[PDB]
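Trainee:
Chains as they are written, first to last, in the entry's author numbering: chain A, 1 to 306; chain A', 1 to 306; chain I, 2 to 4, 6; chain I', 2 to 4, 6. A prime marks a further copy of an entry chain.
Structure, rendered in structure tokens:
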């Protein structure tokens, strides 16, 4: 029993972390096989972050303009290319610690684990969700960019996130591992701001199933709702609309507890209208939206405390 | 000028079409390199479509239980495996007509081209959209299953759809090219029904841009709307909610016409409240939802009739 | 259903 | 913006 934000074990990612320096800028890269991956803004005059032209800035660099440091060993850079908002540095040594891995582009509402590093040395691991507005609520100081997010399926590390920047609200933005930003954001020092966010309804419902699986039923009710009438309420409380596909996804959790998904939505609807006051659900004073159904299945017993 | 449902040219797909027979069942397969892909229900006693067990049914078959016919040539099947709801038949000849291709899983609202075949010979090509409820509005007679949908990027054929069945409403269901159904549907003869559908709002808006690019402005107005107030109207008319990401996507069409996306949404909102009566938009008496933004860019001039 |  |  218990339910905690739980991160994947970070071992296989840690063995891939290196330091990349260009000029006076130092940040982290991700050494897989013979390639290190990092934010292209490693090349940038921190004065022309204002309006960088990267193609133009990159052509001015050779191979030996970059230093890759893996522990106390220097890696020789023997090629380089820009892929969207990342650099692909070809080093002379394949990484012996290279896990089986996929690059994956994660979808809003999904979670991943973040291995925060500084100077190519890992300092901490935490969990977070891709918000609907394409930001993460991370914890990042300067020199953290190139820090990565990941999930682990079996022994296979699916990388989904590499860190580029912080926004005026103190939330975070970056790219997939092909260098494609999450959200409408760019790797220039300009006025950009997180869009309005919504609560992830799929996740809230899943976490309400988690509560029941662990043995709490206090928030349930003798009521059901149509999909559509749930959504008039969702909209008013700034929750994402529920879809039939979201209903489908909650299939197993609902089979495991015996609460029909629209029964749970009815209970959600009431939580939003009457509050919780005084009471908690899995410890929480509030309704939690950063656990997917997959995360609930992963961590709870496949047997309900009935 | 003009705007037509326009399908991709079907040549490269046609050269991959074959006939697969098991027992008394004949349908179409897709021969790429040394593999033919078809609906696994090719193996089925049309009496135990009612409750098939495919693993159990497949183990009872050898390699030579299947005949693959390519034109007037027989292909020898030298291996076979079930991948979800498809069969992968290994033949002794690689297809010389094999285009460069990807297998792709398409997302609701997207369109693709359908090459309808019977007995491994192609009979017709049309366009359609993956509906929100995971059905297509196709035109299919018996012996059409294994017929494929596809898009073409350059000279690369991205296959997205292989046809399995028809529903009580006369709409269609199938799988990606890894055999994963679109929608909650199964390849058994049982009671299943298309879920409630919604109109694809992204597509409607895009097609309203197409109208302006071709030279029609009649439906525009001096009004704007918030994202959120558009959606209270969308919901009431059973349109999909508009997202900020959908706003982003309409970026270029809106740049090209000079109409801000929320300006267009305002004009949409009014079309839904006042009707059109008497007037048409690109020929159409009604609001069309089966052209994406990509399809509009593809087919219109990159110069507006101003 | 109608398997085509 | 703050590039970290």
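Just so you know, even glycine gets a beta-carbon here, dropped at the ideal spot from N, CA and C.
Among the residues of its own chain, which have a CB less than 7 Å from the CB of residue 94 of chain A, if the five just before and after it don't count?
Mentor: The answer, listed in chain order, is 33 and 34.
Trainee: Go through its chain and collect everything with a Cβ distance to residue 132 of chain A''s Cβ below 8 Å, but skip five positions before and after it.
Mentor: Excluding residues within five positions, the ones whose Cβ falls inside 8 Å are 108, 109, 197, 198, 200 and 240.
Trainee: Name the chain I residues that come within less than 9 Å of residue 166 of chain A', Cβ to Cβ?
Mentor: Going along chain I in sequence order, the residues near residue 166 of chain A' (Cβ under 9 Å) are 2, 3, 4 and 6.
Trainee: If you reduce the DSSP assignment to three classes, tell me which class residue 95 of chain A' lands in.
Mentor: Coil.
Trainee: Within this structure, are the beta carbons of residue 219 of chain A' and residue 260 of chain A' separated by less than 7 Å?
Mentor: No, Cβ-Cβ distance for residue 219 of chain A' and residue 260 of chain A' is not below 7 Å.
Trainee: Grab me the residues of residue 13 of chain A's own chain with a C-beta within less than 7 Å of its C-beta, minus the 5 sequence neighbours each way, in chain order.
Mentor: Answer for residue 13 of chain A: 115, 148, 150 and 157, listed in chain order.
Trainee: Helix, strand or coil, according to DSSP, for residue 289 of chain A' in the structure here?
Mentor: In this structure, residue 289 of chain A' counts as coil in the three-state DSSP scheme.
Trainee: Spatial neighbours of residue 152 of chain A' within its chain, please: C-beta separation below 6 Å, excluding the five flanking residues on both sides.
Mentor: Contacts found: 8.
Trainee: Could you give the uninterrupted runs of the alpha helix (DSSP H) lying entirely in the stretch 211–237 of chain A, keeping only those of 4 residues or more?
Mentor: Runs of the alpha helix (DSSP H) inside the stretch 211–237 of chain A: 227–236.
Trainee: Who are the Cβ neighbours of residue 212 of chain A' in its own chain at under 6 Å, not counting the five residues just before and after it?
Mentor: Excluding sequence neighbours, residue 212 of chain A' sits near 257.
Trainee: Please tell me whether residue 192 of chain A has its Cβ less than 7 Å away from any Cβ of chain I'.
Mentor: For residue 192 of chain A, the answer is yes, since a Cβ of chain I' falls inside 7 Å of its Cβ.
Trainee: Is it buried or exposed for residue 163 of chain A, if we count other Cβ within 10 angstroms and need 16 for buried?
Mentor: Residue 163 of chain A is buried by the Cβ-count criterion.
Trainee: Which residues, in chain order, does the stretch 134–158 of chain A' contribute to contact with chain I at a C-beta distance below 8 Å?
Mentor: Correct list: 140, 141, 142, 143, 144 and 145.
Trainee: Counting contacts by CB-CB distance shorter than 7 Å, is residue 19 of chain A in contact with chain I'?
Mentor: No, its Cβ sits nowhere closer than 7 Å to a Cβ of chain I'.
Trainee: For residue 269 of chain A', is the classification buried or exposed, using 16 other Cβ atoms within 10 angstroms of its Cβ as the cut-off for buried?
Mentor: Buried, because 16 or more other Cβ atoms sit within 10 Å of the Cβ of residue 269 of chain A'.
Trainee: Given a cut-off of 7 Å, decide if residue 67 of chain A' and residue 145 of chain A' are closer than it, judged by their beta-carbon atoms.
Mentor: For residue 145 of chain A' and residue 67 of chain A', no; Cβs fall outside 7 Å.
Trainee: Strictly below 7 Å CB to CB, what residues from chain A border residue 109 of chain A'?
Mentor: The premise fails here: residue 109 of chain A' is roughly 13 Å from chain A at the closest Cβ pair, so nothing lies under 7 Å.
Trainee: What residues from the stretch 37–50 of chain A' come within 7 Å of chain I, judged by C-beta to C-beta, listed N to C?
Mentor: Listed by position, the residues of the stretch 37–50 of chain A' near chain I (Cβ gap below 7 Å) are 41 and 49.
Trainee: In the DSSP output, which residue or residues are listed as bridge partners for residue 152 of chain A?
Mentor: According to DSSP, residue 152 of chain A bridges with A:157.
Trainee: Under the rule that 16 or more other beta-carbon atoms within 10 Å means buried, what is residue 74 of chain A, buried or exposed?
Mentor: Its Cβ having fewer than 16 others within 10 Å, residue 74 of chain A is exposed.
Trainee: Are the beta-carbon atoms of residue 103 of chain A' and residue 208 of chain A' separated by less than 7 Å?
Mentor: No. Outside cutoff.
Trainee: Name the one or two DSSP bridge partners that residue 102 of chain A has.
Mentor: Looking at the DSSP assignment, residue 102 of chain A forms a beta bridge with A:158.
Trainee: Rounded to the nearest angstrom, what separates residue 302 of chain A and residue 44 of chain A at their Cα positions?
Mentor: Residue 302 of chain A and residue 44 of chain A: Cα-Cα distance of roughly 51 Å.
Trainee: Taking only beta-carbon atoms, is residue 197 of chain A less than 7 Å away from chain A'?
Mentor: Residue 197 of chain A does not count as touching chain A'.
Trainee: Please go through the stretch 22–57 of chain A and give each complete beta strand (DSSP E) segment of 3 or more residues, from N-terminal end onward.
Mentor: Whole beta strand (DSSP E) segments, 3+ residues: 25–32 and 35–39.
Trainee: Who are the near neighbours of residue 65 of chain A in its chain, counting only those whose CB is closer than 7 Å to its CB and skipping five residues on each side?
Mentor: Cβ neighbours of residue 65 of chain A beyond the five flanking positions: 22.
Trainee: For residue 294 of chain A', count the other beta carbons within 10 Å of its own beta carbon; 16 or more makes it buried, fewer makes it exposed. Which is it?
Mentor: Classification for residue 294 of chain A': exposed.
Trainee: Just confirm the distance between the C-beta atoms of residue 189 of chain A and residue 119 of chain A, as a whole number of angstroms; I'd bet it's less than 8 Å.
Mentor: That belief does not hold up - the Cβ atoms of residue 189 of chain A and residue 119 of chain A are roughly 22 Å apart, past 8 Å.
Trainee: Is there at least one Cβ from chain A' nearer than 7 Å to residue 241 of chain A's Cβ?
Mentor: Chain A' contact via Cβ: present.
Trainee: Compare the C-beta of residue 127 of chain A with all C-beta atoms of chain A' and state if any pair is closer than 7 Å.
Mentor: It does not; no Cβ of chain A' falls within 7 Å.
Trainee: I want to see whether chain A' comes within less than 7 Å of residue 96 of chain A, judged by CB atoms only; does it?
Mentor: No, no contact with chain A'.
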